[PDB]
$ cat protein04.pdb   # PDB, C-alpha atoms
ATOM      1  CA  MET A 336      23.104 114.273 243.302
ATOM      2  CA  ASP A 337      26.761 113.886 242.243
ATOM      3  CA  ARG A 338      28.569 117.368 242.067
ATOM      4  CA  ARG A 339      29.984 116.453 238.728
ATOM      5  CA  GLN A 340      26.640 115.370 237.273
ATOM      6  CA  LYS A 341      24.979 118.465 238.649
ATOM      7  CA  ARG A 342      27.484 120.643 236.897
ATOM      8  CA  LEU A 343      26.975 118.681 233.644
ATOM      9  CA  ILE A 344      23.252 119.260 233.824
ATOM     10  CA  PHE A 345      23.562 122.949 234.553
ATOM     11  CA  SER A 346      26.001 123.452 231.730
ATOM     12  CA  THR A 347      24.209 121.410 229.162
ATOM     13  CA  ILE A 348      20.944 123.198 229.622
ATOM     14  CA  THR A 349      22.252 126.791 230.019
ATOM     15  CA  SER A 350      24.225 126.042 226.868
ATOM     16  CA  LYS A 351      21.431 127.424 224.690
ATOM     17  CA  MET A 352      20.547 130.088 227.166
ATOM     18  CA  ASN A 353      22.157 133.423 226.789
ATOM     19  CA  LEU A 354      23.759 134.348 230.118
ATOM     20  CA  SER A 355      25.778 137.390 231.054
ATOM     21  CA  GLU A 356      29.526 136.814 230.408
ATOM     22  CA  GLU A 357      29.883 137.062 234.617
ATOM     23  CA  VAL A 358      27.447 134.378 235.834
ATOM     24  CA  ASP A 359      29.232 131.365 237.364
ATOM     25  CA  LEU A 360      26.966 128.248 237.877
ATOM     26  CA  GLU A 361      29.595 126.829 240.286
ATOM     27  CA  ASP A 362      28.220 128.967 243.046
ATOM     28  CA  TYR A 363      25.042 126.841 242.847
ATOM     29  CA  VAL A 364      26.689 123.565 241.747
ATOM     30  CA  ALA A 365      28.845 123.754 244.888
ATOM     31  CA  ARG A 366      25.988 124.199 247.335
ATOM     32  CA  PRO A 367      25.391 121.288 249.666
ATOM     33  CA  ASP A 368      21.705 120.741 248.497
ATOM     34  CA  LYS A 369      20.585 117.371 247.172
ATOM     35  CA  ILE A 370      18.552 118.207 244.142
ATOM     36  CA  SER A 371      17.426 116.313 241.066
ATOM     37  CA  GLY A 372      18.057 116.910 237.402
ATOM     38  CA  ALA A 373      14.389 117.948 237.301
ATOM     39  CA  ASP A 374      15.088 120.634 239.888
ATOM     40  CA  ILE A 375      17.972 121.892 237.714
ATOM     41  CA  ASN A 376      16.119 122.028 234.402
ATOM     42  CA  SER A 377      13.697 123.825 236.644
ATOM     43  CA  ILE A 378      15.975 126.534 237.994
ATOM     44  CA  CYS A 379      17.179 126.953 234.478
ATOM     45  CA  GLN A 380      13.633 127.331 232.955
ATOM     46  CA  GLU A 381      12.589 129.668 235.767
ATOM     47  CA  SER A 382      15.758 131.842 235.218
ATOM     48  CA  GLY A 383      14.961 132.394 231.520
ATOM     49  CA  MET A 384      11.210 132.982 232.393
ATOM     50  CA  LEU A 385      12.248 135.660 234.883
ATOM     51  CA  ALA A 386      14.465 137.178 232.289
ATOM     52  CA  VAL A 387      11.052 138.855 231.900
ATOM     53  CA  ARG A 388       9.511 140.336 235.157
ATOM     54  CA  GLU A 389      12.287 143.097 235.351
ATOM     55  CA  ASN A 390      12.354 142.051 231.673
ATOM     56  CA  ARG A 391      15.966 141.639 230.324
ATOM     57  CA  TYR A 392      16.434 139.380 227.220
ATOM     58  CA  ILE A 393      19.787 137.979 228.434
ATOM     59  CA  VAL A 394      19.871 135.887 231.619
ATOM     60  CA  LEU A 395      21.657 137.366 234.617
ATOM     61  CA  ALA A 396      23.126 136.308 237.843
ATOM     62  CA  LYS A 397      20.116 137.495 239.647
ATOM     63  CA  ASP A 398      17.696 135.466 237.624
ATOM     64  CA  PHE A 399      19.588 132.390 239.080
ATOM     65  CA  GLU A 400      19.885 133.153 242.645
ATOM     66  CA  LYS A 401      16.130 133.749 242.508
ATOM     67  CA  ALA A 402      15.158 130.671 240.563
ATOM     68  CA  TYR A 403      17.482 128.685 242.830
ATOM     69  CA  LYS A 404      16.107 129.849 246.181
ATOM     70  CA  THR A 405      12.506 129.506 245.054
ATOM     71  CA  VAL A 406      12.916 126.085 243.363
ATOM     72  CA  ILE A 407      14.983 124.526 246.214
ATOM     73  CA  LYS A 408      12.531 124.808 249.061
TER
ATOM     74  CA  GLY B   3      19.582 144.574 224.535
ATOM     75  CA  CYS B   4      17.955 146.617 227.348
ATOM     76  CA  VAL B   5      19.095 145.094 230.576
ATOM     77  CA  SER B   6      18.339 147.962 232.967
ATOM     78  CA  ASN B   7      15.587 150.504 233.769
ATOM     79  CA  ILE B   8      18.145 153.339 233.371
ATOM     80  CA  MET B   9      18.907 154.244 229.786
ATOM     81  CA  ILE B  10      22.562 155.304 230.236
ATOM     82  CA  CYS B  11      23.233 151.718 231.751
ATOM     83  CA  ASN B  12      21.632 150.193 228.547
ATOM     84  CA  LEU B  13      23.946 152.368 226.425
ATOM     85  CA  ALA B  14      26.898 151.096 228.580
ATOM     86  CA  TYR B  15      25.838 147.399 228.084
ATOM     87  CA  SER B  16      25.086 148.023 224.369
ATOM     88  CA  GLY B  17      28.501 149.505 223.623
ATOM     89  CA  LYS B  18      27.061 152.852 222.472
ATOM     90  CA  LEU B  19      30.097 154.838 223.749
ATOM     91  CA  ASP B  20      29.475 158.054 221.733
ATOM     92  CA  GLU B  21      25.912 158.400 222.918
ATOM     93  CA  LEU B  22      26.981 157.581 226.475
ATOM     94  CA  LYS B  23      29.693 160.278 226.303
ATOM     95  CA  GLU B  24      27.323 162.966 225.082
ATOM     96  CA  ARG B  25      24.728 162.385 227.810
ATOM     97  CA  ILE B  26      27.179 162.152 230.696
ATOM     98  CA  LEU B  27      29.217 165.199 229.671
ATOM     99  CA  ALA B  28      25.964 167.094 229.529
ATOM    100  CA  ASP B  29      25.357 166.096 233.213
ATOM    101  CA  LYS B  30      28.141 164.266 234.970
ATOM    102  CA  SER B  31      25.918 163.137 237.869
ATOM    103  CA  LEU B  32      24.341 160.628 235.435
ATOM    104  CA  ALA B  33      27.546 158.511 235.354
ATOM    105  CA  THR B  34      27.030 157.428 238.877
ATOM    106  CA  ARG B  35      23.335 156.895 239.262
ATOM    107  CA  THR B  36      22.398 153.349 240.258
ATOM    108  CA  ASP B  37      19.605 151.424 238.604
ATOM    109  CA  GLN B  38      16.998 149.044 240.001
ATOM    110  CA  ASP B  39      19.703 146.406 240.763
ATOM    111  CA  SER B  40      22.024 149.086 242.169
ATOM    112  CA  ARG B  41      24.272 148.863 239.126
ATOM    113  CA  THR B  42      25.798 151.835 237.385
ATOM    114  CA  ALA B  43      27.093 152.305 233.874
ATOM    115  CA  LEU B  44      30.513 150.925 235.101
ATOM    116  CA  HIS B  45      29.029 147.574 236.240
ATOM    117  CA  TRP B  46      27.197 147.105 232.989
ATOM    118  CA  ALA B  47      30.176 148.012 230.736
ATOM    119  CA  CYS B  48      32.252 145.478 232.664
ATOM    120  CA  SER B  49      29.495 142.878 232.287
ATOM    121  CA  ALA B  50      29.508 143.357 228.505
ATOM    122  CA  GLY B  51      33.338 143.720 227.993
ATOM    123  CA  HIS B  52      33.319 147.231 226.607
ATOM    124  CA  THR B  53      36.786 148.261 227.583
ATOM    125  CA  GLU B  54      36.555 151.589 225.957
ATOM    126  CA  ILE B  55      33.402 152.587 227.903
ATOM    127  CA  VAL B  56      35.145 151.423 231.106
ATOM    128  CA  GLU B  57      38.164 153.652 230.259
ATOM    129  CA  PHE B  58      35.895 156.675 229.614
ATOM    130  CA  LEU B  59      34.138 156.135 233.030
ATOM    131  CA  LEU B  60      37.411 155.687 234.841
ATOM    132  CA  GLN B  61      38.752 158.772 232.997
ATOM    133  CA  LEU B  62      35.861 160.724 234.625
ATOM    134  CA  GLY B  63      36.834 159.381 238.039
ATOM    135  CA  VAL B  64      33.653 157.393 238.894
ATOM    136  CA  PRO B  65      33.836 155.072 242.062
ATOM    137  CA  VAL B  66      35.435 151.770 241.059
ATOM    138  CA  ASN B  67      34.489 149.751 244.221
ATOM    139  CA  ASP B  68      30.753 150.089 244.626
ATOM    140  CA  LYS B  69      28.819 146.793 244.645
ATOM    141  CA  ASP B  70      25.468 146.052 243.043
ATOM    142  CA  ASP B  71      22.666 144.698 245.157
ATOM    143  CA  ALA B  72      24.050 141.090 245.003
ATOM    144  CA  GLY B  73      27.348 142.487 246.363
ATOM    145  CA  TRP B  74      29.236 142.282 242.994
ATOM    146  CA  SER B  75      31.907 144.861 242.412
ATOM    147  CA  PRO B  76      33.050 145.893 238.914
ATOM    148  CA  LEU B  77      36.236 143.772 239.740
ATOM    149  CA  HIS B  78      34.109 140.649 240.470
ATOM    150  CA  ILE B  79      32.168 141.030 237.267
ATOM    151  CA  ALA B  80      35.217 141.558 235.079
ATOM    152  CA  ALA B  81      37.220 138.752 236.729
ATOM    153  CA  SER B  82      34.404 136.139 236.304
ATOM    154  CA  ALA B  83      33.668 137.298 232.731
ATOM    155  CA  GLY B  84      37.290 137.007 231.824
ATOM    156  CA  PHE B  85      38.043 140.846 230.860
ATOM    157  CA  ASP B  86      41.685 140.835 231.225
ATOM    158  CA  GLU B  87      42.055 144.434 230.081
ATOM    159  CA  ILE B  88      39.133 145.611 232.129
ATOM    160  CA  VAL B  89      40.420 143.778 235.229
ATOM    161  CA  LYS B  90      43.767 145.456 234.681
ATOM    162  CA  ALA B  91      42.338 149.023 234.288
ATOM    163  CA  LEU B  92      40.221 148.457 237.442
ATOM    164  CA  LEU B  93      43.226 147.360 239.535
ATOM    165  CA  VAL B  94      45.336 150.313 238.360
ATOM    166  CA  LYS B  95      42.473 152.558 239.691
ATOM    167  CA  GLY B  96      42.336 150.916 243.066
ATOM    168  CA  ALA B  97      39.762 148.139 242.804
ATOM    169  CA  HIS B  98      39.561 146.134 246.054
ATOM    170  CA  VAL B  99      40.939 142.620 245.436
ATOM    171  CA  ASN B 100      39.388 141.112 248.481
ATOM    172  CA  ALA B 101      35.935 142.554 248.071
ATOM    173  CA  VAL B 102      33.218 139.934 248.792
ATOM    174  CA  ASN B 103      29.805 139.472 247.301
ATOM    175  CA  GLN B 104      26.676 137.983 248.738
ATOM    176  CA  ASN B 105      27.878 134.399 248.196
ATOM    177  CA  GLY B 106      30.990 135.402 250.186
ATOM    178  CA  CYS B 107      33.163 135.108 246.964
ATOM    179  CA  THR B 108      36.105 137.306 246.123
ATOM    180  CA  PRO B 109      36.938 138.006 242.455
ATOM    181  CA  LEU B 110      39.650 135.236 242.736
ATOM    182  CA  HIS B 111      36.918 132.647 243.429
ATOM    183  CA  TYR B 112      35.492 133.387 240.046
ATOM    184  CA  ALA B 113      38.794 133.665 238.218
ATOM    185  CA  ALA B 114      39.832 130.242 239.672
ATOM    186  CA  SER B 115      36.472 128.598 238.960
ATOM    187  CA  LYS B 116      36.443 129.782 235.349
ATOM    188  CA  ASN B 117      40.127 129.100 234.560
ATOM    189  CA  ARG B 118      41.048 132.757 234.149
ATOM    190  CA  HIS B 119      44.768 132.354 234.737
ATOM    191  CA  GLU B 120      46.073 135.704 233.753
ATOM    192  CA  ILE B 121      43.403 137.498 235.885
ATOM    193  CA  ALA B 122      44.122 135.187 238.937
ATOM    194  CA  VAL B 123      47.755 136.232 238.715
ATOM    195  CA  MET B 124      46.868 139.927 238.444
ATOM    196  CA  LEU B 125      44.699 139.477 241.486
ATOM    197  CA  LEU B 126      47.242 137.583 243.542
ATOM    198  CA  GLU B 127      50.007 140.035 242.524
ATOM    199  CA  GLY B 128      47.603 142.808 243.671
ATOM    200  CA  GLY B 129      47.411 141.186 247.061
ATOM    201  CA  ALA B 130      44.328 138.938 246.900
ATOM    202  CA  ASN B 131      44.053 136.540 249.753
ATOM    203  CA  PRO B 132      44.410 132.933 248.228
ATOM    204  CA  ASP B 133      42.720 131.606 251.305
ATOM    205  CA  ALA B 134      39.531 133.694 251.238
ATOM    206  CA  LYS B 135      36.545 131.546 252.132
ATOM    207  CA  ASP B 136      33.104 131.919 250.790
ATOM    208  CA  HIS B 137      29.862 131.448 252.648
ATOM    209  CA  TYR B 138      30.241 127.649 252.488
ATOM    210  CA  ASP B 139      33.885 127.967 253.651
ATOM    211  CA  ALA B 140      35.079 127.078 250.127
ATOM    212  CA  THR B 141      38.199 128.630 248.721
ATOM    213  CA  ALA B 142      39.446 129.313 245.205
ATOM    214  CA  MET B 143      41.316 126.027 245.352
ATOM    215  CA  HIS B 144      38.097 124.041 246.109
ATOM    216  CA  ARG B 145      36.682 125.502 242.951
ATOM    217  CA  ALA B 146      39.769 124.830 240.787
ATOM    218  CA  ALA B 147      40.463 121.312 242.178
ATOM    219  CA  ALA B 148      36.744 120.254 241.781
ATOM    220  CA  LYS B 149      36.646 121.440 238.221
ATOM    221  CA  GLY B 150      40.017 120.062 237.125
ATOM    222  CA  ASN B 151      41.750 123.376 236.545
ATOM    223  CA  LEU B 152      45.272 122.082 237.085
ATOM    224  CA  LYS B 153      47.266 125.074 235.998
ATOM    225  CA  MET B 154      44.938 127.252 238.220
ATOM    226  CA  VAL B 155      45.816 124.933 241.174
ATOM    227  CA  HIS B 156      49.607 125.431 240.305
ATOM    228  CA  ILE B 157      49.125 129.196 240.304
ATOM    229  CA  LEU B 158      47.301 129.179 243.657
ATOM    230  CA  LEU B 159      49.981 126.960 245.317
ATOM    231  CA  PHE B 160      52.650 129.248 243.889
ATOM    232  CA  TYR B 161      51.003 132.120 245.819
ATOM    233  CA  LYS B 162      50.908 129.923 248.813
ATOM    234  CA  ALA B 163      47.275 128.975 249.018
ATOM    235  CA  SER B 164      46.552 126.394 251.837
ATOM    236  CA  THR B 165      45.539 123.005 250.646
ATOM    237  CA  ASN B 166      43.838 121.747 253.737
ATOM    238  CA  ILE B 167      40.942 124.201 254.318
ATOM    239  CA  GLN B 168      37.612 122.415 254.892
ATOM    240  CA  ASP B 169      34.357 123.593 253.471
ATOM    241  CA  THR B 170      31.127 123.228 255.453
ATOM    242  CA  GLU B 171      30.737 119.564 254.258
ATOM    243  CA  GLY B 172      34.283 119.143 255.740
ATOM    244  CA  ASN B 173      35.810 118.697 252.274
ATOM    245  CA  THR B 174      39.331 119.926 251.454
ATOM    246  CA  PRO B 175      40.259 120.614 247.819
ATOM    247  CA  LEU B 176      41.746 117.028 247.732
ATOM    248  CA  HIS B 177      38.386 115.434 248.664
ATOM    249  CA  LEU B 178      36.781 117.374 245.738
ATOM    250  CA  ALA B 179      39.516 116.420 243.286
ATOM    251  CA  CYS B 180      39.091 112.706 244.432
ATOM    252  CA  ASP B 181      35.369 112.866 244.214
ATOM    253  CA  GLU B 182      35.347 114.099 240.649
ATOM    254  CA  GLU B 183      38.188 111.952 239.529
ATOM    255  CA  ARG B 184      40.620 114.870 238.986
ATOM    256  CA  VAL B 185      43.653 112.604 238.955
ATOM    257  CA  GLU B 186      46.454 115.031 238.171
ATOM    258  CA  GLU B 187      45.008 117.643 240.467
ATOM    259  CA  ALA B 188      44.801 115.106 243.335
ATOM    260  CA  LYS B 189      48.382 114.051 242.760
ATOM    261  CA  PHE B 190      49.737 117.525 242.555
ATOM    262  CA  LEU B 191      47.898 118.430 245.747
ATOM    263  CA  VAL B 192      49.296 115.439 247.804
ATOM    264  CA  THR B 193      52.816 116.268 246.454
ATOM    265  CA  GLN B 194      52.295 119.827 247.873
ATOM    266  CA  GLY B 195      51.005 118.905 251.320
ATOM    267  CA  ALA B 196      47.320 118.041 250.986
ATOM    268  CA  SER B 197      46.604 115.440 253.716
ATOM    269  CA  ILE B 198      45.148 112.072 252.740
ATOM    270  CA  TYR B 199      43.933 111.847 256.451
ATOM    271  CA  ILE B 200      41.387 114.526 256.958
ATOM    272  CA  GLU B 201      37.875 113.369 257.321
ATOM    273  CA  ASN B 202      34.922 115.268 255.868
ATOM    274  CA  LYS B 203      31.508 115.359 257.483
ATOM    275  CA  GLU B 204      30.457 112.005 256.180
ATOM    276  CA  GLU B 205      33.578 110.542 258.017
ATOM    277  CA  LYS B 206      35.543 109.985 254.811
ATOM    278  CA  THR B 207      39.125 110.855 254.043
ATOM    279  CA  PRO B 208      39.967 111.722 250.311
ATOM    280  CA  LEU B 209      41.199 108.153 249.925
ATOM    281  CA  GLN B 210      37.780 106.702 250.970
ATOM    282  CA  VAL B 211      36.272 109.149 248.472
ATOM    283  CA  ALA B 212      38.580 108.149 245.593
ATOM    284  CA  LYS B 213      38.092 105.288 243.119
ATOM    285  CA  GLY B 214      40.650 102.582 243.944
ATOM    286  CA  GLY B 215      43.220 103.161 241.279
ATOM    287  CA  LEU B 216      43.547 106.798 242.366
ATOM    288  CA  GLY B 217      43.440 106.009 246.078
ATOM    289  CA  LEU B 218      46.419 103.653 245.641
ATOM    290  CA  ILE B 219      48.403 106.172 243.754
ATOM    291  CA  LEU B 220      47.735 108.944 246.383
ATOM    292  CA  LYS B 221      48.587 106.576 249.164
ATOM    293  CA  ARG B 222      51.926 105.838 247.580
ATOM    294  CA  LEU B 223      52.597 109.483 246.986
ATOM    295  CA  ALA B 224      51.697 110.296 250.588
ATOM    296  CA  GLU B 225      54.123 107.730 251.960
ATOM    297  CA  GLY B 226      56.778 109.130 249.512
ATOM    298  CA  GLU B 227      56.345 112.618 251.101
ATOM    299  CA  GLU B 228      56.149 111.494 254.668
ATOM    300  CA  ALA B 229      59.495 109.586 254.161
ATOM    301  CA  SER B 230      61.467 112.483 252.571
ATOM    302  CA  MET B 231      60.743 116.310 252.930
TER
END
$ encode --input "protein04.pdb" --output "structure tokens"
Amino acid sequence: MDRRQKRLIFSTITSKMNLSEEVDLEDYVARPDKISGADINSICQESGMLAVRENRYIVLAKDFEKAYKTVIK
Amino acid sequence: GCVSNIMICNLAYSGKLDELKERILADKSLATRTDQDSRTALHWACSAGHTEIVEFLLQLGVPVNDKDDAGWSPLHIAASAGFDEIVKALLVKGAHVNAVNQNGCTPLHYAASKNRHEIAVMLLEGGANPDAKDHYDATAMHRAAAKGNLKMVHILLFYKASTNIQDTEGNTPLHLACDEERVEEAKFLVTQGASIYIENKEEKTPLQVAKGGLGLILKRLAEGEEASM
């Protein structure tokens, strides 16, 4: 979808997620992948869920790149 | 808290400086062990903004340029997070301004994206390349223009960043500013040399991308510049 919309969706949802002060969602927002808002709530829910397999209570950059590459394809 | 499998990194992230000092001075090798993500106490203190723990680790002389397993250097982490004082202590100790991580980003990509002006300047003054391209051939200016960070676009142009680099979708920063309706950014860019002619991969120039009010304004500006200058 629209880059601007995409960014709005990422920021609105991660807004009540606790992310490390260095994560930057633009790295994903700027990717040339057409994805839905479902896909984004998805990467976002997966990221917080994986806050737990290495098990850190704050969401990190790595939680995202994972969620993202799994969810999109 | 508890972000790492190594307890000294959790102390660094937690801000427990006194405990961290006692353990490391008992066995200095501990200050540079890497954890499961290849981070050390320095990465985690930067990630949490504990300037004082960063100063203690730099006082001990630990490496300031090692990357974690996603290719993030302590300078990347501090620059994206917005630690001005940490960024500054890192640079004084030799942090590599053009280091790249696994997305191909330099710390300036993150400073620009997140509107960290003072850090972008420290970086550019320290020699960062304004034109570094990430893995999608996007520069700091693509980030800043897309997001509407006008003053960040002013700072980049001041350090001579190019305005016509194309990402892998063939977009220049001007296409991105047009696409997201960043009116003042788009105008500033055309006034500084962005071309209203370059086509992206979908065969569109920034004008074909822009809403009509903006496209007319950019057109006008472009003919202004092509007439004088």
$ residues_around --input "protein04.pdb" --residues "residue 350 in chain A" --least-positions-apart "3" --cutoff "12 Å" --atoms "all atoms listed in the file" --output "ChimeraX atom specification"
/A:342-347,353-354,360,376,379,394
$ atom_distance --input "protein04.pdb" --atom1 "CA of residue 97 in chain B" --atom2 "CA of residue 66 in chain B"
5.9 Å
$ residues_around --input "protein04.pdb" --residues "residue 341 in chain A" --least-positions-apart "3" --cutoff "9 Å" --atoms "all atoms listed in the file" --output "list in words"
residues 336, 337, 338, 344, 345, 346, 364, 370, 371, 372 and 375 of chain A
$ atom_distance --input "protein04.pdb" --atom1 "CA of residue 28 in chain B" --atom2 "CA of residue 60 in chain B"
17.0 Å
$ residues_around --input "protein04.pdb" --residues "residue 139 in chain B" --least-positions-apart "2" --cutoff "12 Å" --atoms "only C-alpha atoms" --output "ChimeraX atom specification"
/A:365-367 /B:105-107,111,133-137,141-145,166-175
$ closest_residue --input "protein04.pdb" --among "B:69, B:213, B:162, B:116" --to "chain A" --atoms "only C-alpha atoms"
B:116
$ decode --input "protein04.pdb" --residues "range 146-165 of chain B" --atoms "N, CA and C atoms" --output "mmCIF file, in the first residue's frame"
data_model
loop_
_atom_site.group_PDB
_atom_site.id
_atom_site.type_symbol
_atom_site.label_atom_id
_atom_site.label_comp_id
_atom_site.auth_asym_id
_atom_site.auth_seq_id
_atom_site.Cartn_x
_atom_site.Cartn_y
_atom_site.Cartn_z
ATOM 1 N N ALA B 146 14.525 11.593 4.857
ATOM 2 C CA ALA B 146 14.138 12.910 5.377
ATOM 3 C C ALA B 146 13.027 13.601 4.512
ATOM 4 N N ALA B 147 13.160 13.526 3.194
ATOM 5 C CA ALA B 147 12.216 14.065 2.253
ATOM 6 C C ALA B 147 10.862 13.278 2.386
ATOM 7 N N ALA B 148 10.901 11.957 2.424
ATOM 8 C CA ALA B 148 9.679 11.135 2.542
ATOM 9 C C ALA B 148 8.896 11.471 3.759
ATOM 10 N N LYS B 149 9.630 11.636 4.857
ATOM 11 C CA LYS B 149 9.024 11.881 6.162
ATOM 12 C C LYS B 149 8.652 13.336 6.449
ATOM 13 N N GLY B 150 9.088 14.258 5.600
ATOM 14 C CA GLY B 150 8.813 15.667 5.879
ATOM 15 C C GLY B 150 9.748 16.324 6.888
ATOM 16 N N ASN B 151 11.012 15.897 6.906
ATOM 17 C CA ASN B 151 11.918 16.495 7.879
ATOM 18 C C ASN B 151 12.620 17.636 7.166
ATOM 19 N N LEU B 152 11.959 18.767 7.047
ATOM 20 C CA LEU B 152 12.555 19.858 6.251
ATOM 21 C C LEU B 152 13.922 20.310 6.730
ATOM 22 N N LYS B 153 14.020 20.684 8.006
ATOM 23 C CA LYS B 153 15.286 21.177 8.468
ATOM 24 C C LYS B 153 16.375 20.079 8.221
ATOM 25 N N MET B 154 16.042 18.791 8.333
ATOM 26 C CA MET B 154 17.056 17.738 8.088
ATOM 27 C C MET B 154 17.464 17.835 6.572
ATOM 28 N N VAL B 155 16.513 18.097 5.710
ATOM 29 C CA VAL B 155 16.855 18.212 4.265
ATOM 30 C C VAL B 155 17.813 19.439 4.050
ATOM 31 N N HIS B 156 17.520 20.571 4.682
ATOM 32 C CA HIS B 156 18.417 21.779 4.728
ATOM 33 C C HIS B 156 19.847 21.428 5.196
ATOM 34 N N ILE B 157 19.930 20.693 6.311
ATOM 35 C CA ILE B 157 21.235 20.291 6.791
ATOM 36 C C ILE B 157 21.946 19.395 5.778
ATOM 37 N N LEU B 158 21.277 18.400 5.197
ATOM 38 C CA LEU B 158 21.951 17.551 4.231
ATOM 39 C C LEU B 158 22.476 18.331 2.991
ATOM 40 N N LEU B 159 21.646 19.269 2.506
ATOM 41 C CA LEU B 159 21.996 20.047 1.294
ATOM 42 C C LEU B 159 23.201 20.911 1.658
ATOM 43 N N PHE B 160 23.211 21.437 2.878
ATOM 44 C CA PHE B 160 24.287 22.284 3.329
ATOM 45 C C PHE B 160 25.591 21.497 3.276
ATOM 46 N N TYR B 161 25.555 20.171 3.495
ATOM 47 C CA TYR B 161 26.763 19.362 3.466
ATOM 48 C C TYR B 161 26.888 18.731 2.111
ATOM 49 N N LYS B 162 26.178 19.327 1.178
ATOM 50 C CA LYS B 162 26.282 18.910 -0.190
ATOM 51 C C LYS B 162 25.743 17.595 -0.608
ATOM 52 N N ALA B 163 24.749 17.108 0.070
ATOM 53 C CA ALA B 163 24.132 15.830 -0.358
ATOM 54 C C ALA B 163 23.556 16.023 -1.782
ATOM 55 N N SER B 164 23.570 14.970 -2.620
ATOM 56 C CA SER B 164 23.009 14.976 -3.983
ATOM 57 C C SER B 164 21.532 14.857 -3.900
ATOM 58 N N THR B 165 20.781 15.469 -4.799
ATOM 59 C CA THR B 165 19.360 15.399 -4.642
ATOM 60 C C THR B 165 18.805 14.496 -5.690
#
